[PDB]
């Protein structure tokens, strides 16, 4: 096979998560690209070298090295600091170094099986006729593949308009050609639900009981960047979107991977590729964060996501590869920003899509400079 894998993780911690994460990555020979920030102490760099002495191919480029690379690519102001958006640096580096599979992870996620890297390499198997899962409402709930207490939940980024009628939706499985390029692994413990769901029922993912699915064309499901493998061809469309844009005066946050998960998904289906949900599963322990502050950060994006996803189905895309398709998607979002109507579509909400459109083309422009 000779499939190369690079794991991208951004962090501002001391690096203690490497003690449990390294054995799963060192046995498979995959590279771990750790992207620190300006608010990251020197304990992380000392923890990376010690794990490298144990055999782990871990790279931790300092802030000066990251900024020097971004300035050499004419994008010095694209990726901000004091933000998890810096994982785009790891996406770029892993793509420059020619890795076949790029696995995006959070520093608080831990693999639960010994074949974590092997299962994520499913995005490099190629096209073949395989069981594909379709839904009559065009949406699939990946949380239905898990055993969740005390009630059924939806993943973060799932549109709220389609939730009440999703119970009556018909799910079909058919043998059809498909080419998996994005594999979204599931999570045990604290699932990836929005702040609205975590505040209401505080869900707990007990086990992974539904297996794995490959979504057919027209059936969507949000993809995060906490346990997701992306084939190197689809990485140009996996740019982690810049947050902070105000919606009716409230700065938007915590949805950078919601847009990127949908953007790489609509580009993949335009090119005849599919998204996979299921294994490998990680353990996401419950972190102690102000859930009311998470809600305050997620509401601005939630008010717009339903309309954005609705117009993306009506808008056809152009392109022969992910670079051309992602740039065609950026201009599509600018037409949507002026066509959409609603109470939450203030001038700053519309301009959010326009600024995001420029940053996405600035991302693709940087990838075209190295290539």
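Positions refer to the first chain, counted from 1. We call the rigid core whatever largest set of C-alpha positions still superposes within 1.5 Å between the two forms.
- Once the rigid core is used to overlay the structures in 4 other deposited structures of this protein, the stretch among 283-291 and 74-82 whose CA atoms lie farther from this form is 283-291.
- In this crystal structure, the stretch out of 295-303 and 276-284 whose C-alpha atoms carry the higher mean B factor is 276-284.
- As the entry records it, the average C-alpha temperature factor is higher for 113-121, out of 191-199 and 113-121.
- Residues shown: 309, 329, 337, 48. Highest C-alpha temperature factor in the entry: 48.
- Within the selection 360, 9, 349, 24, the deposited Cα B-factor values reach their highest point at 24.
- Remark: residue 244 belongs to the lowest third of its chain, ranked by C-alpha B-factor as recorded.
- The entry lists a Cα temperature factor for residue 40 that places it in the highest third of the chain's modelled residues.
- Looking at the C-alpha B-factors along this chain, the one for residue 173 belongs to the highest third.
- Annotation for residue 250: CA B-factor lies in the middle third of the chain's modelled residues.
- When all modelled residues of the chain are sorted by CA temperature factor, residue 231 is found within the lowest third.
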